[PDB]
Structures are given as C-alpha cells and as structure tokens.
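Protein chains in written order, with the UniProt record's numbering: chain A, 160 to 211; chain B, 202 to 252.
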C-alpha cells in the first residue's frame with residue numbers, strides 16, 4: 160500500500176534523467192560527427208597534394 | 202543518426218576525389234615505368250643488328 164504512492168516520482172525523474180542523457184548524447188554525437196568531417200576531409204585534401 | 206549519415210556522405214565525397222586522382226596519377230606512373238623497364242631491349246635488339 161505505502162510503497163505505491165511514490166512510484167509516480169520514480170517514473171517522473173526517470174523521464175527527466177532519460178531526456179537529459181539523450182539530449183546530451185545527441186549533441187555529443189552531433190558535434191563529434193561535425194568534428195569528423197573537417198578532420199578526415201582536410202586529411203584527404205592534404206594527402207592529395209602529397210600524391211601530386 | 203541523421204547527422205551521422207550526412208557526415209558519412211561528406212567523408213565519402215572526400216574519399217571519391219582522392220581515389221579518383223590516385224588512379225589518374227598511377228596511370229601516368231605505370232605507363233612510363235613500362236618504358237623504363239623495356240628500353241634496354243629496345244636498344245639491345247637495335248644494337249645486335251650492327252653486331
């Protein structure tokens with residue numbers, strides 16, 4: 160009986176936690192991906208001149 | 202994942218330009234490599250004529 164009334168909050172804070180985690184990891188992946196672009200692109204663009 | 206696939210496309214377009222140019226340059230190198238190797242026979246056979 161007693162343990163029941165608080166389960167609402169477990170569930171609420173789990174949303175909040177899950178949303179924070181996912182938003183953050185999302186930005187991380189967004190940035191890391193955008194970082195990968197120029198890094199690999201510049202490597203190839205430079206390596207082309209090494210081949211030339 | 203949406204940004205991931207778009208990042209992968211730009212990496213591929215970069216790859217594309219490089220491999221394409223490698224091939225162009227290798228053709229030139231390969232061409233003149235054969236000549237460098239076989240020139241000894243082109244001259245050797247020509248000299249056996251006088252010999």
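For each residue, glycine too, the CB sits at the ideal point set by N, CA and C.
For a contact defined as C-beta to C-beta under 9 Å, what are the partners of residue 203 of chain A on chain B? 212, 215, 216, 218, 219
So is residue 158 of chain A buried or exposed if we call it buried at 16+ other beta carbons inside 10 Å? Chain A is shown only over 160 to 211; residue 158 of chain A falls outside these bounds and no answer can be derived.
With 8 Å as the C-beta to C-beta threshold (strictly closer), list the residues of the stretch 171–199 of chain A near chain B in chain order. 188, 189, 192, 193, 195, 196, 199
Answer yes or no: does any C-beta atom of chain A fall closer than 7 Å to that of residue 204 of chain B? yes
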